[PDB]
Every structure is written in C-alpha cells, then in structure tokens.
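Colleague: Hey, dropping final_25.pdb in here, PDB, C-alpha atoms:
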ATOM      1  CA  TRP A 236       0.000   0.000   0.000
ATOM      2  CA  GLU A 237       1.653   3.176  -1.291
ATOM      3  CA  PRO A 238       1.120   6.552   0.416
ATOM      4  CA  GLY A 239      -0.431   7.969  -2.765
ATOM      5  CA  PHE A 240      -3.224   5.396  -2.783
ATOM      6  CA  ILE A 241      -6.628   5.908  -1.172
ATOM      7  CA  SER A 242      -7.270   4.576   2.325
ATOM      8  CA  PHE A 243      -7.382   0.796   2.661
ATOM      9  CA  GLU A 244     -10.721   0.954   4.484
ATOM     10  CA  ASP A 245     -12.359   2.886   1.637
ATOM     11  CA  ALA A 246     -11.008   0.317  -0.828
ATOM     12  CA  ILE A 247     -12.458  -2.602   1.130
ATOM     13  CA  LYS A 248     -15.728  -0.678   1.490
ATOM     14  CA  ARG A 249     -15.895  -0.296  -2.296
ATOM     15  CA  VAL A 250     -15.131  -4.016  -2.590
ATOM     16  CA  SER A 251     -18.081  -4.642  -0.267
ATOM     17  CA  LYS A 252     -20.374  -2.439  -2.368
ATOM     18  CA  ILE A 253     -19.448  -3.997  -5.723
ATOM     19  CA  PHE A 254     -20.667  -7.373  -4.417
ATOM     20  CA  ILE A 255     -24.383  -7.267  -3.630
ATOM     21  CA  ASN A 256     -24.100 -10.542  -1.718
ATOM     22  CA  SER A 257     -22.663 -10.215   1.775
ATOM     23  CA  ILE A 258     -19.059 -11.284   2.358
ATOM     24  CA  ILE A 259     -18.744 -13.883   5.113
ATOM     25  CA  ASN A 260     -15.005 -13.359   5.700
ATOM     26  CA  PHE A 261     -15.128  -9.580   5.186
ATOM     27  CA  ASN A 262     -13.824  -8.789   8.681
ATOM     28  CA  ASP A 263     -10.864 -11.161   8.185
ATOM     29  CA  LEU A 264      -9.312  -8.889   5.529
ATOM     30  CA  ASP A 265      -6.266  -6.897   6.665
ATOM     31  CA  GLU A 266      -3.540  -4.790   5.052
ATOM     32  CA  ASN A 267      -1.276  -7.831   4.521
ATOM     33  CA  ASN A 268      -3.436 -10.735   3.264
ATOM     34  CA  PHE A 269      -5.821  -9.147   0.747
ATOM     35  CA  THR A 270      -4.011 -10.723  -2.216
ATOM     36  CA  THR A 271      -3.984 -14.177  -0.564
ATOM     37  CA  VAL A 272      -7.313 -14.797   1.205
ATOM     38  CA  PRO A 273     -10.084 -15.662  -1.281
ATOM     39  CA  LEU A 274     -13.458 -13.991  -0.909
ATOM     40  CA  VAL A 275     -16.206 -16.106   0.669
ATOM     41  CA  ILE A 276     -19.486 -15.087  -0.981
ATOM     42  CA  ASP A 277     -22.766 -16.136   0.643
ATOM     43  CA  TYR A 278     -24.872 -16.357  -2.515
ATOM     44  CA  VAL A 279     -28.420 -15.498  -1.517
ATOM     45  CA  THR A 280     -28.894 -13.308  -4.594
ATOM     46  CA  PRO A 281     -27.201 -13.795  -7.987
ATOM     47  CA  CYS A 282     -23.524 -12.925  -8.234
ATOM     48  CA  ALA A 283     -23.304  -9.216  -9.041
ATOM     49  CA  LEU A 284     -20.511  -9.899 -11.540
ATOM     50  CA  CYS A 285     -21.631 -12.815 -13.747
ATOM     51  CA  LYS A 286     -25.297 -13.493 -12.745
ATOM     52  CA  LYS A 287     -24.611 -17.223 -12.319
ATOM     53  CA  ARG A 288     -26.020 -19.438  -9.569
ATOM     54  CA  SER A 289     -22.752 -20.074  -7.734
ATOM     55  CA  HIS A 290     -19.025 -20.436  -8.353
ATOM     56  CA  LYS A 291     -17.242 -23.712  -7.654
ATOM     57  CA  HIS A 292     -14.128 -21.590  -7.067
ATOM     58  CA  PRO A 293     -13.851 -18.665  -4.628
ATOM     59  CA  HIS A 294     -13.125 -15.137  -5.775
ATOM     60  CA  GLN A 295      -9.669 -13.726  -5.085
ATOM     61  CA  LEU A 296      -8.341 -10.176  -4.899
ATOM     62  CA  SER A 297      -5.216  -8.799  -6.580
ATOM     63  CA  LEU A 298      -3.256  -5.535  -6.674
ATOM     64  CA  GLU A 299      -1.698  -4.229  -9.897
ATOM     65  CA  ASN A 300      -0.917  -0.889 -11.571
ATOM     66  CA  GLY A 301      -1.824   0.971  -8.392
ATOM     67  CA  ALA A 302      -5.366  -0.381  -8.693
ATOM     68  CA  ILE A 303      -7.387  -3.180  -7.123
ATOM     69  CA  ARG A 304      -8.634  -6.021  -9.335
ATOM     70  CA  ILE A 305     -11.223  -8.723  -8.590
ATOM     71  CA  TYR A 306     -11.277 -12.091 -10.368
ATOM     72  CA  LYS A 307     -12.568 -15.643  -9.996
ATOM     73  CA  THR A 308     -10.095 -18.390  -9.124
ATOM     74  CA  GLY A 309      -9.838 -21.616 -11.078
ATOM     75  CA  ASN A 310     -11.258 -20.678 -14.480
ATOM     76  CA  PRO A 311     -11.299 -16.849 -14.372
ATOM     77  CA  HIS A 312     -12.638 -16.793 -17.940
ATOM     78  CA  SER A 313     -16.071 -18.060 -16.850
ATOM     79  CA  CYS A 314     -16.614 -14.931 -14.715
ATOM     80  CA  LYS A 315     -16.184 -11.267 -15.598
ATOM     81  CA  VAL A 316     -13.264  -9.222 -14.254
ATOM     82  CA  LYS A 317     -13.729  -5.729 -12.807
ATOM     83  CA  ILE A 318     -11.166  -3.091 -11.861
ATOM     84  CA  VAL A 319     -11.472  -0.321  -9.266
ATOM     85  CA  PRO A 320      -8.819   2.446  -9.198
ATOM     86  CA  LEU A 321      -6.934   2.774  -5.917
ATOM     87  CA  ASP A 322      -4.858   5.932  -6.442
ATOM     88  CA  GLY A 323      -5.800   9.067  -4.530
ATOM     89  CA  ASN A 324      -6.842  12.504  -5.701
ATOM     90  CA  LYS A 325      -4.109  13.666  -8.063
ATOM     91  CA  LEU A 326      -4.491  17.438  -7.715
ATOM     92  CA  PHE A 327      -4.251  17.297  -3.918
ATOM     93  CA  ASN A 328      -1.016  15.316  -4.226
ATOM     94  CA  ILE A 329       0.342  17.879  -6.694
ATOM     95  CA  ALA A 330      -0.582  20.719  -4.333
ATOM     96  CA  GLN A 331       1.120  18.978  -1.408
ATOM     97  CA  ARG A 332       4.246  18.364  -3.492
ATOM     98  CA  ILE A 333       4.365  22.021  -4.547
ATOM     99  CA  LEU A 334       3.859  23.275  -0.989
ATOM    100  CA  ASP A 335       6.594  20.925   0.258
ATOM    101  CA  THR A 336       9.184  23.128  -1.496
ATOM    102  CA  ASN A 337       8.356  26.263   0.563
ATOM    103  CA  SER A 338       7.975  28.342  -2.596
ATOM    104  CA  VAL A 339       4.870  30.296  -1.494
ATOM    105  CA  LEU A 340       4.307  31.834   1.944
ATOM    106  CA  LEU A 341       1.879  34.154   3.719
ATOM    107  CA  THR A 342       2.573  37.838   4.322
ATOM    108  CA  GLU A 343       0.754  38.042   7.707
ATOM    109  CA  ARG A 344      -0.902  41.115   6.112
ATOM    110  CA  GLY A 345      -3.220  39.431   3.607
ATOM    111  CA  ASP A 346      -1.112  38.891   0.485
ATOM    112  CA  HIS A 347       1.087  36.067  -0.814
ATOM    113  CA  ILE A 348       4.809  35.930  -1.613
ATOM    114  CA  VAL A 349       6.262  33.829  -4.429
TER     115      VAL A 349
ATOM    116  CA  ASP B 263     -48.442  -3.372   6.215
ATOM    117  CA  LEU B 264     -44.708  -2.614   6.070
ATOM    118  CA  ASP B 265     -43.048  -0.841   8.996
ATOM    119  CA  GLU B 266     -39.513  -0.195  10.222
ATOM    120  CA  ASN B 267     -39.396  -3.617  11.922
ATOM    121  CA  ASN B 268     -41.122  -6.066   9.539
ATOM    122  CA  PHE B 269     -39.983  -4.716   6.154
ATOM    123  CA  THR B 270     -37.174  -7.294   5.986
ATOM    124  CA  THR B 271     -39.537 -10.212   6.698
ATOM    125  CA  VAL B 272     -42.899  -9.559   5.002
ATOM    126  CA  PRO B 273     -43.066 -10.627   1.338
ATOM    127  CA  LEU B 274     -44.786  -8.308  -1.118
ATOM    128  CA  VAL B 275     -48.038  -9.275  -2.851
ATOM    129  CA  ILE B 276     -47.784  -7.623  -6.267
ATOM    130  CA  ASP B 277     -50.781  -7.197  -8.572
ATOM    131  CA  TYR B 278     -49.527  -8.182 -12.034
ATOM    132  CA  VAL B 279     -51.970  -6.007 -13.954
ATOM    133  CA  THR B 280     -48.873  -5.417 -16.098
ATOM    134  CA  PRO B 281     -45.754  -7.620 -16.296
ATOM    135  CA  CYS B 282     -43.172  -7.310 -13.538
ATOM    136  CA  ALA B 283     -41.573  -3.877 -13.268
ATOM    137  CA  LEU B 284     -38.029  -5.282 -13.279
ATOM    138  CA  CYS B 285     -37.924  -8.753 -14.882
ATOM    139  CA  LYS B 286     -40.802  -8.293 -17.408
ATOM    140  CA  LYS B 287     -41.899 -11.909 -16.872
ATOM    141  CA  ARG B 288     -45.653 -12.256 -16.399
ATOM    142  CA  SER B 289     -45.935 -13.335 -12.758
ATOM    143  CA  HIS B 290     -43.752 -14.752  -9.994
ATOM    144  CA  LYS B 291     -44.414 -18.072  -8.289
ATOM    145  CA  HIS B 292     -42.452 -16.631  -5.351
ATOM    146  CA  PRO B 293     -43.069 -13.102  -4.006
ATOM    147  CA  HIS B 294     -40.361 -10.466  -3.727
ATOM    148  CA  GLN B 295     -38.635  -9.448  -0.502
ATOM    149  CA  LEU B 296     -36.490  -6.571   0.767
ATOM    150  CA  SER B 297     -33.152  -6.871   2.556
ATOM    151  CA  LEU B 298     -30.812  -4.282   4.069
ATOM    152  CA  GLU B 299     -27.029  -4.327   3.630
ATOM    153  CA  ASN B 300     -24.326  -1.674   3.214
ATOM    154  CA  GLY B 301     -26.737   1.164   3.954
ATOM    155  CA  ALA B 302     -29.003   0.239   1.045
ATOM    156  CA  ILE B 303     -32.206  -1.725   0.471
ATOM    157  CA  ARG B 304     -31.994  -4.689  -1.900
ATOM    158  CA  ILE B 305     -35.170  -5.950  -3.580
ATOM    159  CA  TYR B 306     -35.119  -9.549  -4.796
ATOM    160  CA  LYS B 307     -37.435 -12.426  -5.663
ATOM    161  CA  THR B 308     -37.641 -15.358  -3.270
ATOM    162  CA  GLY B 309     -37.203 -18.932  -4.443
ATOM    163  CA  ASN B 310     -34.931 -18.704  -7.477
ATOM    164  CA  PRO B 311     -33.347 -15.210  -7.489
ATOM    165  CA  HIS B 312     -32.072 -15.669 -11.067
ATOM    166  CA  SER B 313     -35.443 -15.625 -12.843
ATOM    167  CA  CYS B 314     -35.862 -12.064 -11.502
ATOM    168  CA  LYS B 315     -33.105  -9.449 -11.531
ATOM    169  CA  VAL B 316     -31.785  -7.583  -8.480
ATOM    170  CA  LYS B 317     -32.022  -3.834  -7.833
ATOM    171  CA  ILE B 318     -30.436  -1.507  -5.268
ATOM    172  CA  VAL B 319     -31.751   1.706  -3.715
ATOM    173  CA  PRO B 320     -29.431   3.780  -1.481
ATOM    174  CA  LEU B 321     -30.656   4.724   1.982
ATOM    175  CA  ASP B 322     -28.061   7.235   3.201
ATOM    176  CA  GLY B 323     -29.099  10.872   3.277
ATOM    177  CA  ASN B 324     -27.210  13.772   1.785
ATOM    178  CA  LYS B 325     -23.563  13.289   2.715
ATOM    179  CA  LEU B 326     -22.535  16.948   2.830
ATOM    180  CA  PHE B 327     -25.379  17.891   5.179
ATOM    181  CA  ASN B 328     -24.284  15.140   7.571
ATOM    182  CA  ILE B 329     -20.700  16.412   7.401
ATOM    183  CA  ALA B 330     -21.895  19.961   8.099
ATOM    184  CA  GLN B 331     -23.950  18.759  11.073
ATOM    185  CA  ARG B 332     -20.949  16.885  12.472
ATOM    186  CA  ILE B 333     -18.730  19.954  12.057
ATOM    187  CA  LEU B 334     -21.287  22.230  13.731
ATOM    188  CA  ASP B 335     -21.558  19.748  16.609
ATOM    189  CA  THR B 336     -17.975  20.642  17.599
ATOM    190  CA  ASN B 337     -18.663  24.376  18.175
ATOM    191  CA  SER B 338     -15.687  25.481  16.075
ATOM    192  CA  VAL B 339     -17.449  28.318  14.200
ATOM    193  CA  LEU B 340     -19.691  31.016  15.674
ATOM    194  CA  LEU B 341     -21.470  34.246  14.751
ATOM    195  CA  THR B 342     -20.074  37.638  15.735
ATOM    196  CA  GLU B 343     -23.461  39.442  15.993
ATOM    197  CA  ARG B 344     -21.912  42.109  13.741
ATOM    198  CA  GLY B 345     -22.247  40.281  10.419
ATOM    199  CA  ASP B 346     -19.350  37.840  10.070
ATOM    200  CA  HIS B 347     -17.918  34.666  11.589
ATOM    201  CA  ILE B 348     -15.044  33.538  13.804
ATOM    202  CA  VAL B 349     -13.111  30.279  13.528
TER     203      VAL B 349
END
Let me see whether you can do it: turn the structure in this file into structure tokens.

Modeller:
Amino acid sequence: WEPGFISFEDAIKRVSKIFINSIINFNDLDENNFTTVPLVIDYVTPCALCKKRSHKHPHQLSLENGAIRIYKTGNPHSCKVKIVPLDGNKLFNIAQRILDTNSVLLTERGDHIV
Amino acid sequence: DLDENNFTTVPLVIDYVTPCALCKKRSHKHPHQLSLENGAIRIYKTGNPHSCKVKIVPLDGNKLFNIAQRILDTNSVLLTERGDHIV
C-alpha cells in the first residue's frame, strides 16, 4: 500500500459495495493478506458480476498498476473481471508536493509571496 | 403493512396487472422481498433469485449535510453578531 493510494478501508468498502451478496469473511481482511485470502461469498442473490447461480471456485483479490482487481479463481474466464482504481486525488497530491518546497508563503498582512 | 421492523420479513403481494416492473416476466411463483445491507435496500425475488433481476436503492441521506452537522456539533465556528464569523 503506497502513500499515494486511497485509504485501505475505503477500498475494502468499495469491494463490499461492488458485491451485492454479503461477504462472510469480510472482517478477516487486513492490510497484509488481501491478495492471498479468497473472498467467501454467501450467494443469496445472484452474483453481481456474472449473474450465475454459484461459483465452484472462490473469488480472489489482486493488486496491480496501483489499482485493485477482482477475479474468480480456477477458471477466471467463466466470470467477468472488474477493476477499481486505488490511487488518490491527483491534484491534492500535486498541491502537497508544490507546498513541500516552501515556494509560497503568507505575508501576515493578507497577500502572498512567491 | 410494512413498517420499520417487519420490512425485511414480510413478502410483497404484487398485482400483475402489467408484467413485472423489473424482470418483465408475467408473474412470480415466489413473491419479492427486501433486505438491508451496506446502507441500502436490496429488492429480490424469493425462491430462485435468477429468474428475476436484483435492484439496489441507497438509503443514506445527503452526505454533505451530515458532514456539516458533524462539524457544527464541535462548536468550532460562531457568529459575531456584527455580520461575520469567527473560527
């Protein structure tokens, strides 16, 4: 998890939202085993991602290109693959980087100095 | 019949004067039901949930108003009685 990415909790919340079915092992996900622990889906409603009855294989989570990707284990081709971006707000990062150089300051009077 | 306590349990008796609003199939052998997860209400058909699609309706209110209420709860901004604010 890079500092430029969004918060881990918001990412797992988005992962919860993308699946309409509740996640049984949702609370077991931490900042070190998200790529390893497969997702346990209690199918009461159809899978929000392929509309099938159930999957013989569990769904697993992966991290690539600064973004979070969801796929089905076993035969991933039988189930669709979705991608959710994980990077943060770019303009805020740019503003922080610019301010880190101490190039603009306050006058104490009401103006700015450059 | 629905209330804040039985809305998750009572099935809905729909009158299929027209085909189903969501699946377009004529009638349902099994009535629909509501369920609540992730701050949203999910409507689904009982029995086989694949013959009838699944919809979501959000339940959370306006986010920015809640944030403003939380900020005002801390008493960090006040009125000066002269026409401006202090922070």

Colleague: Please write the residues picked by the PyMOL selection byres ((chain B and resi 319) around 9) on this file as an MDAnalysis selection string.

Modeller: chainID B and resid 302:305 317:318 320:321

Colleague: Please provide as a PyMOL selection string all residues within 12 Å of residue A:253, with the sequence filter that same-chain residues fewer than 2 positions apart are discarded (counting all atoms listed in the file).

Modeller: (chain A and resi 246-251+255-258+282-284+304-305+316-319) or (chain B and resi 300+318)

Colleague: Edge lengths and centre, in Å to one decimal, as AutoDock Vina command-line options: that's what I need for the box along x, y and z that holds all listed atoms of stretch 296-302 of chain A plus 8 Å on each side.

Modeller:
--center_x -4.6 --center_y -4.6 --center_z -8.2 --size_x 23.4 --size_y 27.1 --size_z 22.7

Colleague: Using only C-alpha atoms for the distances, tell me which of B:295, B:271, B:336, B:342 is nearest to chain A.

Modeller: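 Answer, going by the shortest atom-to-atom distance: B:295.
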
Colleague: If the cut-off is 8 Å, can you tell me the residues of chain B near chain A, counting all atoms listed in the file? I'd like them as a ChimeraX atom specification.

Modeller: /B:299-300,306,311-312,316

Colleague: Write out as a PyMOL selection string each polymer residue whose atoms come within 10 Å of residue B:272, counting all atoms listed in the file; drop sequence neighbours fewer than 4 positions from it.

Modeller: chain B and resi 263-265+267-268+293-296

Colleague: Pull the neighbourhood of (-10.4, -10.9, 2.8) for me: all residues within 9 Å in file coordinates, counting all atoms listed in the file, as a PyMOL selection string.

Modeller: chain A and resi 247+258+260-265+268-275+295-296

Colleague: With C-alpha atoms retained, write the just-selected residues as a PDB file, in the coordinates of the input.

Modeller:
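again20.pdb, written as the output of this step:
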ATOM      1  CA  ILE A 247     -12.458  -2.602   1.130  1.00  0.00           C
ATOM      2  CA  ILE A 258     -19.059 -11.284   2.358  1.00  0.00           C
ATOM      3  CA  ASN A 260     -15.005 -13.359   5.700  1.00  0.00           C
ATOM      4  CA  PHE A 261     -15.128  -9.580   5.186  1.00  0.00           C
ATOM      5  CA  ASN A 262     -13.824  -8.789   8.681  1.00  0.00           C
ATOM      6  CA  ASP A 263     -10.864 -11.161   8.185  1.00  0.00           C
ATOM      7  CA  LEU A 264      -9.312  -8.889   5.529  1.00  0.00           C
ATOM      8  CA  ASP A 265      -6.266  -6.897   6.665  1.00  0.00           C
ATOM      9  CA  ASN A 268      -3.436 -10.735   3.264  1.00  0.00           C
ATOM     10  CA  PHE A 269      -5.821  -9.147   0.747  1.00  0.00           C
ATOM     11  CA  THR A 270      -4.011 -10.723  -2.216  1.00  0.00           C
ATOM     12  CA  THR A 271      -3.984 -14.177  -0.564  1.00  0.00           C
ATOM     13  CA  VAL A 272      -7.313 -14.797   1.205  1.00  0.00           C
ATOM     14  CA  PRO A 273     -10.084 -15.662  -1.281  1.00  0.00           C
ATOM     15  CA  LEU A 274     -13.458 -13.991  -0.909  1.00  0.00           C
ATOM     16  CA  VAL A 275     -16.206 -16.106   0.669  1.00  0.00           C
ATOM     17  CA  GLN A 295      -9.669 -13.726  -5.085  1.00  0.00           C
ATOM     18  CA  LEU A 296      -8.341 -10.176  -4.899  1.00  0.00           C
TER      19      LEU A 296
END

Colleague: List the neighbours of stretch 279-285 of chain B out to 8 Å using all atoms listed in the file; skip same-chain residues closer than 6 positions along the sequence, and give me the result as a ChimeraX atom specification.

Modeller: /B:313-315

Colleague: Suppose you want the space between atom CA of residue B:325 and atom CA of residue A:244; what is it in Å?

Modeller: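 Rounded to one decimal, the two atoms are 17.9 Å apart.
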
Colleague: Rank nothing, just name the residue among B:331, B:324, B:308, B:338 nearest to residue B:291, using all atoms listed in the file.

Modeller: B:308

Colleague: List the neighbours of residue B:292 out to 10 Å using only C-alpha atoms; skip same-chain residues closer than 6 positions along the sequence, and give me the result as a ChimeraX atom specification.

Modeller: /B:273-275,307-311

Colleague: Interatomic distance between atom CA of residue A:330 and atom CA of residue A:348?

Modeller: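 Calculated distance between atom CA of residue A:330 and atom CA of residue A:348 is 16.4 Å.
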
Colleague: Grab the atom CA of residue A:321 to atom CA of residue A:307 distance for me, in Å with one decimal place.

Modeller: 19.7 Å

Colleague: Residues within 8 Å of (-16.6, 31.9, 18.7), file coordinates, counting all atoms listed in the file: what are they? Give the list as an NGL selection string.

Modeller: :B and (337-342 or 347-349)

Colleague: Go through the shown structure with the PyMOL selection byres ((chain A and resi 236) around 12) and write out the matching residues as a list in words.

Modeller: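 For this structure, the PyMOL selection byres ((chain A and resi 236) around 12) resolves to residues 237, 238, 239, 240, 241, 242, 243, 244, 246, 265, 266, 267, 268, 269, 270, 298, 299, 300, 301, 302, 303, 321, 322 and 323 of chain A.
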
Colleague: Taking the file as I've supplied it (selection: the PyMOL selection byres ((chain A and resi 313) around 12)), which residues are included? Please answer as a ChimeraX atom specification.

Modeller: /A:284-287,289-292,294,306-312,314-316
